[PDB]
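Trainee: Contents of upload-v5.cif (mmCIF, N, CA and C atoms and all ligand atoms) are below:
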```
data_protein
loop_
_atom_site.label_atom_id
_atom_site.label_comp_id
_atom_site.auth_asym_id
_atom_site.auth_seq_id
_atom_site.Cartn_x
_atom_site.Cartn_y
_atom_site.Cartn_z
N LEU A 206 18.57 3.07 -8.62
CA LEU A 206 18.23 2.67 -7.26
C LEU A 206 18.61 1.21 -7.06
N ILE A 207 19.51 0.96 -6.11
CA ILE A 207 20.02 -0.38 -5.83
C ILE A 207 19.55 -0.78 -4.43
N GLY A 208 19.04 -2.00 -4.31
CA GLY A 208 18.62 -2.49 -3.01
C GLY A 208 18.12 -3.91 -3.11
N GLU A 209 17.84 -4.48 -1.95
CA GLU A 209 17.28 -5.82 -1.85
C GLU A 209 15.83 -5.81 -2.35
N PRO A 210 15.30 -6.97 -2.74
CA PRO A 210 13.91 -7.01 -3.21
C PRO A 210 12.94 -6.53 -2.13
N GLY A 211 11.95 -5.76 -2.56
CA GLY A 211 10.92 -5.29 -1.66
C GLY A 211 11.33 -4.20 -0.69
N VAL A 212 12.27 -3.33 -1.07
CA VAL A 212 12.66 -2.25 -0.17
C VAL A 212 11.96 -0.93 -0.51
N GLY A 213 11.58 -0.72 -1.76
CA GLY A 213 10.85 0.48 -2.11
C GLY A 213 11.46 1.34 -3.20
N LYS A 214 12.26 0.73 -4.09
CA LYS A 214 12.86 1.49 -5.19
C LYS A 214 11.79 2.03 -6.13
N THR A 215 10.88 1.17 -6.57
CA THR A 215 9.75 1.63 -7.37
C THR A 215 8.93 2.64 -6.59
N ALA A 216 8.84 2.46 -5.27
CA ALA A 216 8.21 3.46 -4.42
C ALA A 216 8.98 4.77 -4.45
N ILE A 217 10.32 4.71 -4.55
CA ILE A 217 11.10 5.94 -4.67
C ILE A 217 10.75 6.68 -5.95
N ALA A 218 10.66 5.95 -7.07
CA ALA A 218 10.31 6.59 -8.33
C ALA A 218 8.90 7.18 -8.28
N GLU A 219 7.96 6.43 -7.72
CA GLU A 219 6.59 6.93 -7.58
C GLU A 219 6.54 8.16 -6.68
N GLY A 220 7.33 8.17 -5.61
CA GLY A 220 7.37 9.33 -4.74
C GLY A 220 7.96 10.54 -5.44
N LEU A 221 8.95 10.32 -6.30
CA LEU A 221 9.47 11.43 -7.11
C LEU A 221 8.39 11.98 -8.03
N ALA A 222 7.61 11.09 -8.66
CA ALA A 222 6.52 11.55 -9.51
C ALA A 222 5.49 12.34 -8.71
N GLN A 223 5.16 11.86 -7.51
CA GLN A 223 4.21 12.56 -6.66
C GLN A 223 4.75 13.91 -6.20
N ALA A 224 6.06 13.99 -5.97
CA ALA A 224 6.68 15.27 -5.63
C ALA A 224 6.60 16.23 -6.81
N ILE A 225 6.78 15.72 -8.03
CA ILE A 225 6.61 16.56 -9.21
C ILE A 225 5.19 17.09 -9.28
N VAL A 226 4.21 16.22 -9.05
CA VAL A 226 2.81 16.63 -9.13
C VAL A 226 2.48 17.65 -8.05
N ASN A 227 2.92 17.39 -6.82
CA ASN A 227 2.69 18.30 -5.70
C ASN A 227 3.62 19.51 -5.73
N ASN A 228 4.60 19.52 -6.63
CA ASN A 228 5.48 20.66 -6.86
C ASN A 228 6.23 21.04 -5.58
N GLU A 229 7.07 20.10 -5.14
CA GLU A 229 8.03 20.35 -4.06
C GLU A 229 9.46 20.07 -4.50
N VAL A 230 9.73 20.11 -5.79
CA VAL A 230 11.06 19.86 -6.35
C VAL A 230 11.66 21.19 -6.80
N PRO A 231 12.95 21.26 -7.13
CA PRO A 231 13.52 22.52 -7.62
C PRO A 231 12.85 22.99 -8.91
N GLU A 232 13.19 24.22 -9.29
CA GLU A 232 12.63 24.81 -10.50
C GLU A 232 13.01 24.05 -11.75
N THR A 233 14.18 23.42 -11.77
CA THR A 233 14.66 22.72 -12.96
C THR A 233 13.82 21.49 -13.30
N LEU A 234 13.04 20.97 -12.35
CA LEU A 234 12.22 19.80 -12.60
C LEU A 234 10.74 20.05 -12.33
N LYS A 235 10.29 21.31 -12.41
CA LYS A 235 8.92 21.64 -12.04
C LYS A 235 7.88 20.96 -12.93
N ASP A 236 8.10 20.91 -14.24
CA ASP A 236 7.09 20.40 -15.16
C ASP A 236 7.67 19.29 -16.02
N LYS A 237 8.36 18.35 -15.39
CA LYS A 237 8.95 17.21 -16.07
C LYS A 237 7.96 16.05 -16.05
N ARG A 238 7.97 15.26 -17.12
CA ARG A 238 7.13 14.07 -17.17
C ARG A 238 7.97 12.83 -16.86
N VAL A 239 7.55 12.08 -15.85
CA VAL A 239 8.21 10.83 -15.49
C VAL A 239 7.48 9.71 -16.22
N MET A 240 8.13 9.13 -17.22
CA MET A 240 7.51 8.15 -18.10
C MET A 240 8.23 6.82 -17.91
N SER A 241 7.47 5.78 -17.55
CA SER A 241 8.03 4.48 -17.23
C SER A 241 8.04 3.60 -18.48
N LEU A 242 9.23 3.24 -18.94
CA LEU A 242 9.40 2.46 -20.16
C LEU A 242 9.77 1.03 -19.82
N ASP A 243 9.07 0.08 -20.43
CA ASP A 243 9.37 -1.34 -20.28
C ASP A 243 10.02 -1.82 -21.57
N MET A 244 11.19 -2.46 -21.45
CA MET A 244 11.93 -2.85 -22.64
C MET A 244 11.25 -3.99 -23.38
N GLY A 245 10.46 -4.80 -22.68
CA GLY A 245 9.68 -5.82 -23.37
C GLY A 245 8.66 -5.23 -24.32
N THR A 246 8.06 -4.11 -23.94
CA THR A 246 7.17 -3.40 -24.85
C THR A 246 7.93 -2.87 -26.06
N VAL A 247 9.14 -2.34 -25.84
CA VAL A 247 9.92 -1.81 -26.94
C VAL A 247 10.35 -2.91 -27.91
N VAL A 248 10.64 -4.10 -27.39
CA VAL A 248 11.07 -5.21 -28.23
C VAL A 248 9.90 -5.99 -28.83
N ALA A 249 8.67 -5.66 -28.46
CA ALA A 249 7.51 -6.39 -28.96
C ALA A 249 7.30 -6.12 -30.45
N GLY A 250 7.02 -7.18 -31.20
CA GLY A 250 6.72 -7.06 -32.62
C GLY A 250 7.86 -6.47 -33.43
N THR A 251 9.03 -7.09 -33.36
CA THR A 251 10.25 -6.55 -33.96
C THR A 251 11.00 -7.66 -34.70
N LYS A 252 10.29 -8.36 -35.58
CA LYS A 252 10.87 -9.50 -36.28
C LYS A 252 11.94 -9.07 -37.27
N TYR A 253 11.67 -8.04 -38.06
CA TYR A 253 12.58 -7.66 -39.13
C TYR A 253 13.77 -6.86 -38.61
N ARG A 254 14.82 -6.82 -39.42
CA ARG A 254 16.05 -6.14 -39.06
C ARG A 254 15.86 -4.63 -39.01
N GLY A 255 16.45 -4.00 -38.00
CA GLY A 255 16.46 -2.55 -37.90
C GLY A 255 15.22 -1.94 -37.27
N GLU A 256 14.23 -2.75 -36.91
CA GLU A 256 12.98 -2.20 -36.39
C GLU A 256 13.13 -1.74 -34.94
N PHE A 257 13.84 -2.52 -34.12
CA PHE A 257 14.06 -2.14 -32.73
C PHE A 257 14.92 -0.89 -32.63
N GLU A 258 15.98 -0.83 -33.43
CA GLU A 258 16.83 0.35 -33.47
C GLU A 258 16.04 1.57 -33.93
N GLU A 259 15.18 1.39 -34.93
CA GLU A 259 14.35 2.50 -35.41
C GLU A 259 13.41 3.00 -34.32
N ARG A 260 12.75 2.09 -33.61
CA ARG A 260 11.84 2.49 -32.55
C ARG A 260 12.57 3.22 -31.44
N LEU A 261 13.73 2.69 -31.03
CA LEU A 261 14.49 3.32 -29.95
C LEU A 261 15.02 4.69 -30.38
N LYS A 262 15.44 4.81 -31.64
CA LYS A 262 15.91 6.10 -32.14
C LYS A 262 14.78 7.13 -32.17
N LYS A 263 13.59 6.72 -32.61
CA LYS A 263 12.46 7.65 -32.59
C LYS A 263 12.13 8.08 -31.17
N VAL A 264 12.18 7.14 -30.22
CA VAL A 264 11.94 7.48 -28.82
C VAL A 264 12.96 8.50 -28.34
N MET A 265 14.24 8.28 -28.64
CA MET A 265 15.28 9.21 -28.19
C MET A 265 15.12 10.58 -28.83
N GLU A 266 14.78 10.63 -30.12
CA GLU A 266 14.57 11.92 -30.77
C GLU A 266 13.40 12.66 -30.15
N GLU A 267 12.33 11.94 -29.81
CA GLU A 267 11.20 12.57 -29.13
C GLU A 267 11.60 13.11 -27.77
N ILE A 268 12.42 12.35 -27.03
CA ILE A 268 12.91 12.83 -25.74
C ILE A 268 13.71 14.11 -25.92
N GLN A 269 14.60 14.13 -26.91
CA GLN A 269 15.42 15.32 -27.14
C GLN A 269 14.57 16.52 -27.53
N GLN A 270 13.59 16.32 -28.41
CA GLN A 270 12.74 17.44 -28.83
C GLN A 270 11.90 17.97 -27.67
N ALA A 271 11.31 17.07 -26.88
CA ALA A 271 10.47 17.51 -25.77
C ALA A 271 11.30 18.22 -24.70
N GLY A 272 12.39 17.60 -24.26
CA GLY A 272 13.27 18.21 -23.29
C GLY A 272 12.71 18.29 -21.88
N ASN A 273 11.59 17.63 -21.60
CA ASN A 273 10.96 17.70 -20.30
C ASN A 273 10.47 16.33 -19.86
N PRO B 342 44.81 9.31 -16.77
CA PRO B 342 45.64 10.47 -16.45
C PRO B 342 46.10 10.45 -15.00
N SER B 343 47.23 11.11 -14.76
CA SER B 343 47.81 11.17 -13.42
C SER B 343 47.02 12.17 -12.58
N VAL B 344 47.43 12.33 -11.32
CA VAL B 344 46.73 13.24 -10.41
C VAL B 344 46.86 14.68 -10.88
N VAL B 345 48.07 15.11 -11.26
CA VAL B 345 48.27 16.49 -11.70
C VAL B 345 47.51 16.75 -13.00
N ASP B 346 47.53 15.78 -13.92
CA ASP B 346 46.78 15.92 -15.16
C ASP B 346 45.28 16.00 -14.89
N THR B 347 44.80 15.21 -13.93
CA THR B 347 43.38 15.26 -13.57
C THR B 347 43.01 16.62 -12.98
N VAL B 348 43.90 17.19 -12.15
CA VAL B 348 43.65 18.52 -11.62
C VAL B 348 43.60 19.55 -12.74
N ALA B 349 44.51 19.44 -13.71
CA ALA B 349 44.47 20.35 -14.86
C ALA B 349 43.18 20.20 -15.64
N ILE B 350 42.72 18.96 -15.83
CA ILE B 350 41.47 18.70 -16.54
C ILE B 350 40.30 19.34 -15.80
N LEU B 351 40.25 19.17 -14.48
CA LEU B 351 39.16 19.74 -13.69
C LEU B 351 39.17 21.26 -13.74
N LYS B 352 40.36 21.86 -13.66
CA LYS B 352 40.45 23.31 -13.79
C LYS B 352 40.00 23.78 -15.16
N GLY B 353 40.32 23.03 -16.21
CA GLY B 353 39.85 23.39 -17.54
C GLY B 353 38.34 23.29 -17.68
N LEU B 354 37.74 22.25 -17.10
CA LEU B 354 36.30 22.04 -17.19
C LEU B 354 35.51 22.81 -16.14
N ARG B 355 36.19 23.55 -15.26
CA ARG B 355 35.50 24.22 -14.16
C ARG B 355 34.49 25.25 -14.66
N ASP B 356 34.80 25.97 -15.74
CA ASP B 356 33.93 27.05 -16.19
C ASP B 356 32.56 26.52 -16.61
N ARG B 357 32.54 25.40 -17.34
CA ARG B 357 31.27 24.83 -17.78
C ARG B 357 30.41 24.42 -16.59
N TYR B 358 31.03 23.79 -15.60
CA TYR B 358 30.28 23.31 -14.45
C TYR B 358 29.84 24.46 -13.55
N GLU B 359 30.66 25.51 -13.45
CA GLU B 359 30.23 26.71 -12.75
C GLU B 359 29.03 27.34 -13.45
N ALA B 360 29.06 27.38 -14.78
CA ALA B 360 27.95 27.95 -15.53
C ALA B 360 26.67 27.14 -15.34
N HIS B 361 26.79 25.81 -15.34
CA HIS B 361 25.60 24.98 -15.19
C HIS B 361 25.05 25.03 -13.77
N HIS B 362 25.93 24.96 -12.77
CA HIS B 362 25.52 24.88 -11.37
C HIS B 362 25.44 26.24 -10.68
N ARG B 363 25.71 27.33 -11.39
CA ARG B 363 25.55 28.69 -10.87
C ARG B 363 26.33 28.93 -9.58
N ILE B 364 27.46 28.25 -9.39
CA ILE B 364 28.28 28.43 -8.21
C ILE B 364 29.73 28.63 -8.63
N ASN B 365 30.60 28.75 -7.63
CA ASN B 365 32.03 28.93 -7.84
C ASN B 365 32.77 27.75 -7.21
N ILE B 366 33.62 27.10 -7.99
CA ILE B 366 34.36 25.92 -7.55
C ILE B 366 35.79 26.34 -7.22
N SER B 367 36.24 25.99 -6.03
CA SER B 367 37.56 26.40 -5.57
C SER B 367 38.63 25.41 -6.01
N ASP B 368 39.88 25.88 -6.01
CA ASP B 368 41.00 25.02 -6.37
C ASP B 368 41.22 23.93 -5.33
N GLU B 369 41.06 24.27 -4.05
CA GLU B 369 41.20 23.27 -3.00
C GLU B 369 40.15 22.18 -3.15
N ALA B 370 38.95 22.55 -3.62
CA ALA B 370 37.94 21.54 -3.92
C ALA B 370 38.40 20.62 -5.04
N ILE B 371 39.04 21.18 -6.07
CA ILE B 371 39.55 20.35 -7.17
C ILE B 371 40.57 19.35 -6.64
N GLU B 372 41.53 19.84 -5.85
CA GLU B 372 42.57 18.97 -5.33
C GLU B 372 41.99 17.90 -4.42
N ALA B 373 41.07 18.28 -3.53
CA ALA B 373 40.46 17.32 -2.62
C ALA B 373 39.66 16.27 -3.39
N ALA B 374 38.92 16.70 -4.41
CA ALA B 374 38.15 15.75 -5.21
C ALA B 374 39.07 14.73 -5.87
N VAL B 375 40.15 15.21 -6.50
CA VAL B 375 41.06 14.28 -7.16
C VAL B 375 41.66 13.31 -6.15
N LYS B 376 42.15 13.83 -5.02
CA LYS B 376 42.82 12.98 -4.04
C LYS B 376 41.86 11.94 -3.46
N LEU B 377 40.67 12.37 -3.05
CA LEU B 377 39.72 11.45 -2.42
C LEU B 377 39.19 10.43 -3.42
N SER B 378 38.90 10.85 -4.65
CA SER B 378 38.43 9.90 -5.65
C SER B 378 39.52 8.88 -5.98
N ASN B 379 40.78 9.32 -6.02
CA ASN B 379 41.86 8.38 -6.28
C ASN B 379 42.06 7.41 -5.12
N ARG B 380 41.87 7.87 -3.89
CA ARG B 380 42.15 7.03 -2.73
C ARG B 380 41.01 6.06 -2.42
N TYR B 381 39.77 6.54 -2.50
CA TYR B 381 38.64 5.78 -1.95
C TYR B 381 37.81 5.09 -3.04
N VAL B 382 37.48 5.81 -4.11
CA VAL B 382 36.77 5.18 -5.22
C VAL B 382 37.70 4.22 -5.93
N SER B 383 37.24 2.99 -6.15
CA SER B 383 38.08 1.94 -6.70
C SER B 383 37.60 1.39 -8.03
N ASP B 384 36.29 1.37 -8.27
CA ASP B 384 35.77 0.73 -9.47
C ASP B 384 35.88 1.61 -10.71
N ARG B 385 36.13 2.90 -10.55
CA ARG B 385 36.16 3.83 -11.67
C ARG B 385 37.56 4.43 -11.82
N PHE B 386 37.73 5.27 -12.84
CA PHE B 386 39.03 5.78 -13.23
C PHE B 386 39.06 7.30 -13.13
N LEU B 387 40.25 7.83 -12.82
CA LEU B 387 40.49 9.16 -12.25
C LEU B 387 39.65 10.29 -12.84
N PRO B 388 39.74 10.59 -14.14
CA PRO B 388 39.05 11.80 -14.63
C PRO B 388 37.55 11.72 -14.45
N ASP B 389 36.94 10.59 -14.80
CA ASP B 389 35.50 10.45 -14.71
C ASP B 389 35.02 10.57 -13.27
N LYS B 390 35.69 9.89 -12.34
CA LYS B 390 35.20 9.91 -10.96
C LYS B 390 35.45 11.26 -10.30
N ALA B 391 36.56 11.92 -10.63
CA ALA B 391 36.79 13.26 -10.11
C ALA B 391 35.72 14.22 -10.62
N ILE B 392 35.38 14.12 -11.91
CA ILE B 392 34.32 14.95 -12.47
C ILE B 392 33.00 14.66 -11.79
N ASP B 393 32.70 13.38 -11.55
CA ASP B 393 31.45 13.02 -10.90
C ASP B 393 31.38 13.58 -9.49
N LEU B 394 32.48 13.50 -8.75
CA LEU B 394 32.51 14.01 -7.39
C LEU B 394 32.28 15.52 -7.38
N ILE B 395 32.97 16.24 -8.26
CA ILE B 395 32.79 17.69 -8.34
C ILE B 395 31.36 18.04 -8.71
N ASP B 396 30.81 17.33 -9.70
CA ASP B 396 29.47 17.64 -10.19
C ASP B 396 28.41 17.36 -9.14
N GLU B 397 28.53 16.24 -8.42
CA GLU B 397 27.54 15.92 -7.40
C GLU B 397 27.65 16.84 -6.20
N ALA B 398 28.87 17.23 -5.82
CA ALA B 398 29.01 18.21 -4.74
C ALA B 398 28.38 19.54 -5.13
N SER B 399 28.61 19.98 -6.37
CA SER B 399 28.00 21.21 -6.84
C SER B 399 26.48 21.10 -6.84
N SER B 400 25.95 19.96 -7.28
CA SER B 400 24.51 19.77 -7.29
C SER B 400 23.94 19.80 -5.88
N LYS B 401 24.62 19.17 -4.93
CA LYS B 401 24.13 19.14 -3.55
C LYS B 401 24.11 20.54 -2.95
N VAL B 402 25.18 21.30 -3.14
CA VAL B 402 25.21 22.64 -2.56
C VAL B 402 24.20 23.55 -3.25
N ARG B 403 24.01 23.38 -4.56
CA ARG B 403 23.01 24.17 -5.27
C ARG B 403 21.61 23.86 -4.76
N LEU B 404 21.30 22.57 -4.56
CA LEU B 404 19.99 22.19 -4.06
C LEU B 404 19.77 22.71 -2.64
N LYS B 405 20.80 22.63 -1.80
CA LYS B 405 20.67 23.14 -0.44
C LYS B 405 20.45 24.65 -0.42
N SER B 406 21.16 25.39 -1.27
CA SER B 406 21.01 26.84 -1.29
C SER B 406 19.66 27.25 -1.88
N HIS B 407 19.25 26.58 -2.96
CA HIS B 407 18.04 27.00 -3.67
C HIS B 407 16.77 26.70 -2.88
N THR B 408 16.74 25.58 -2.16
CA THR B 408 15.49 25.13 -1.56
C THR B 408 14.96 26.16 -0.57
N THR B 409 13.69 26.50 -0.72
CA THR B 409 13.03 27.49 0.13
C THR B 409 11.52 27.36 0.01
MG MG C 501 10.28 -2.45 -8.65
#
```
What does the file become when written as structure tokens?

Mentor:
Amino acid sequence: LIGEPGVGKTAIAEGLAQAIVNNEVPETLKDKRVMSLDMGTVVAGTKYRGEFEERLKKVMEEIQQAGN
Amino acid sequence: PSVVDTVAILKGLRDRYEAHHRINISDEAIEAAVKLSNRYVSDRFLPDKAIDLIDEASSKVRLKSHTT
């Protein structure tokens, strides 16, 4: 979502989540989880080498396994 | 790739996208997608943007037909 500051992009994402909850989306997205990831949280506490890559890889593997 | 090569690529990849989008993609659609993406889209390169145009058109028509 591209736009000027304060136009409602985060509101667009929240509205998509609300549409998922209210179930007005196609069948392919009926029971999908919209999970908001902050990269500062992912990079937190990552002093040693390979820790950030490990965390991101585990996140991606979990996404692939869940599939929703 | 050139325009003719891009059309050949789209015709080769048509079966996968028809299977995913549950629709039928016409040859005139392939030609129009290649021509319009080459003429109007400027920041991207022929095969990728032609594929994107075909895929998004298929998604839009699928969403319009499915919604009820
Ligand atoms: Mg925001």

Trainee: Show me, as a list in words, every residue of chain B with an atom at most 8 Å from chain A, counting all atoms listed in the file.

Mentor: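 Contact residues on the first chain: residues 404, 407, 408 and 409 of chain B.
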
Trainee: Using the chain letters and numbers from this document, which residues of chain B does DSSP assign to helix (DSSP H, G or I), as a ChimeraX atom specification?

Mentor: /B:344-362,368-380,387-407

Trainee: Find the distance between atom C of residue 354 (chain B) and CA of residue 373 (chain B) and write it in Å to one decimal.

Mentor: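 Between atom C of residue 354 (chain B) and CA of residue 373 (chain B) the gap is 15.4 Å.
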
Trainee: What lies within 9 Å of residue 236 (chain A) using only C-alpha atoms, ignoring chain neighbours under 5 positions off, as a list in words?

Mentor: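 Close residues of residue 236 (chain A): residues 225, 226, 228 and 273 of chain A.
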
Trainee: Every residue with an atom at most 6.5 Å from (42.9, 13.3, -7.5) (file coordinates; only N, CA and C atoms) is what I'm after, so could you write them as a PyMOL selection string?

Mentor: chain B and resi 344+347-348+372-379

Trainee: Hey, which residues come within 10 Å of ligand MG 501 (chain C) if we count only C-alpha atoms and all ligand atoms? Could you give them as a PDB file with N, CA and C atoms, keeping the file's coordinate frame?

Mentor:
```
ATOM      1  N   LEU A 206      18.570   3.070  -8.620  1.00  0.00           N
ATOM      2  CA  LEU A 206      18.230   2.670  -7.260  1.00  0.00           C
ATOM      3  C   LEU A 206      18.610   1.210  -7.060  1.00  0.00           C
ATOM      4  N   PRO A 210      15.300  -6.970  -2.740  1.00  0.00           N
ATOM      5  CA  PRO A 210      13.910  -7.010  -3.210  1.00  0.00           C
ATOM      6  C   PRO A 210      12.940  -6.530  -2.130  1.00  0.00           C
ATOM      7  N   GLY A 211      11.950  -5.760  -2.560  1.00  0.00           N
ATOM      8  CA  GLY A 211      10.920  -5.290  -1.660  1.00  0.00           C
ATOM      9  C   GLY A 211      11.330  -4.200  -0.690  1.00  0.00           C
ATOM     10  N   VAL A 212      12.270  -3.330  -1.070  1.00  0.00           N
ATOM     11  CA  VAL A 212      12.660  -2.250  -0.170  1.00  0.00           C
ATOM     12  C   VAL A 212      11.960  -0.930  -0.510  1.00  0.00           C
ATOM     13  N   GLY A 213      11.580  -0.720  -1.760  1.00  0.00           N
ATOM     14  CA  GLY A 213      10.850   0.480  -2.110  1.00  0.00           C
ATOM     15  C   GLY A 213      11.460   1.340  -3.200  1.00  0.00           C
ATOM     16  N   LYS A 214      12.260   0.730  -4.090  1.00  0.00           N
ATOM     17  CA  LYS A 214      12.860   1.490  -5.190  1.00  0.00           C
ATOM     18  C   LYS A 214      11.790   2.030  -6.130  1.00  0.00           C
ATOM     19  N   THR A 215      10.880   1.170  -6.570  1.00  0.00           N
ATOM     20  CA  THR A 215       9.750   1.630  -7.370  1.00  0.00           C
ATOM     21  C   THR A 215       8.930   2.640  -6.590  1.00  0.00           C
ATOM     22  N   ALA A 216       8.840   2.460  -5.270  1.00  0.00           N
ATOM     23  CA  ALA A 216       8.210   3.460  -4.420  1.00  0.00           C
ATOM     24  C   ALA A 216       8.980   4.770  -4.450  1.00  0.00           C
ATOM     25  N   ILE A 217      10.320   4.710  -4.550  1.00  0.00           N
ATOM     26  CA  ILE A 217      11.100   5.940  -4.670  1.00  0.00           C
ATOM     27  C   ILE A 217      10.750   6.680  -5.950  1.00  0.00           C
ATOM     28  N   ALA A 218      10.660   5.950  -7.070  1.00  0.00           N
ATOM     29  CA  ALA A 218      10.310   6.590  -8.330  1.00  0.00           C
ATOM     30  C   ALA A 218       8.900   7.180  -8.280  1.00  0.00           C
TER      31      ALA A 218
END
```
